[PDB]
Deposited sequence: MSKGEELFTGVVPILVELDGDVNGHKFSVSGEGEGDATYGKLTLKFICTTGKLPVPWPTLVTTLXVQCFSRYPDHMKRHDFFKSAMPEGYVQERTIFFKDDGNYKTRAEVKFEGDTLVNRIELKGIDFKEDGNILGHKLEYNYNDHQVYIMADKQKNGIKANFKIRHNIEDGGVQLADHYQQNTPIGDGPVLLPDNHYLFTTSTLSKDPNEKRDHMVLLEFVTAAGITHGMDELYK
């Protein structure tokens, strides 16, 4: 089982290659995950200079295999079952009254490291919008994710809203559509419908001069 790969603390690497309205950038992340409790600790750096979008808008893009699945639904865990070969994660994220991100990621083991490697393309953004104009608060409103089996593509799908607080008022909607497909050929668990519940905290490292995001996350799976 790929679930046996997650019984202890697992190092995490994240690499993102991004292009938003031609503004190109790279993000690296590293830290660790504990799927037994559902705990993630990561620090992300924009390695090309200043991030051209707000950090909160990248949280969902930057490893649901670390969600705590209680043992009565350790059979509904598609994400771990696809390990070590991994899975592809695709999303389109529509920002209301603004542009959209399209993301393609592969999540897999490389040695003993869980790697999330991402390509992000964003188009149709307004240069003085909430995103390219950096008008979003540095905090997070999590949202449940309702995971549905997609027997047709042998993976899962989900769609959900994320709300981003706007600096001088109101809320910026980020409409997420998601599909995951295994990379390997081996068998894969296709879940009954269930929920992922996530709690994210964003902070800064006082000794880090580069543009960055420290992220601490707790996540569990739940039925019904």
Write out the missing regions of the deposited sequence in sequence order, one range per stretch. 1-2, 65, 228-236
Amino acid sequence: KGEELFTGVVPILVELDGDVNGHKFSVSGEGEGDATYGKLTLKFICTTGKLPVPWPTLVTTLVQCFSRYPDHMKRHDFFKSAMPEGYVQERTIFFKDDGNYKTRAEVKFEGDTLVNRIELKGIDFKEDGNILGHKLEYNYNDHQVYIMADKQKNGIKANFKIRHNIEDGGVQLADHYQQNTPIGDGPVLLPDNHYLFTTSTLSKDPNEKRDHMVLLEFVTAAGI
From here on, numbers count along this sequence of modelled residues.
Got a sec? Mean C-alpha B-factor, which is higher, 167-175 or 29-37? 167-175
Taking the recorded C-alpha temperature factors, which stretch has the higher mean, 73-81 or 133-141? 73-81
Between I45, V59, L190, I162, where does the Cα B-factor run highest in the record? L190
Looking at the entry's B-factor column for C-alpha atoms only, identify whether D17 ranks in the lowest, middle or highest third of its chain. middle
Ranked against its chain, the third holding the CA B-factor of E106: lowest
Using the B-factor values recorded in the entry, state whether the Cα atom of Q64 falls in the lowest, middle or highest third among the modelled residues of its chain. lowest
Once the chain's modelled residues are ordered by C-alpha B factor and cut into thirds, is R117 in the lowest, middle or highest one? lowest
Using the B-factor values recorded in the entry, state whether the Cα atom of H212 falls in the lowest, middle or highest third among the modelled residues of its chain. lowest
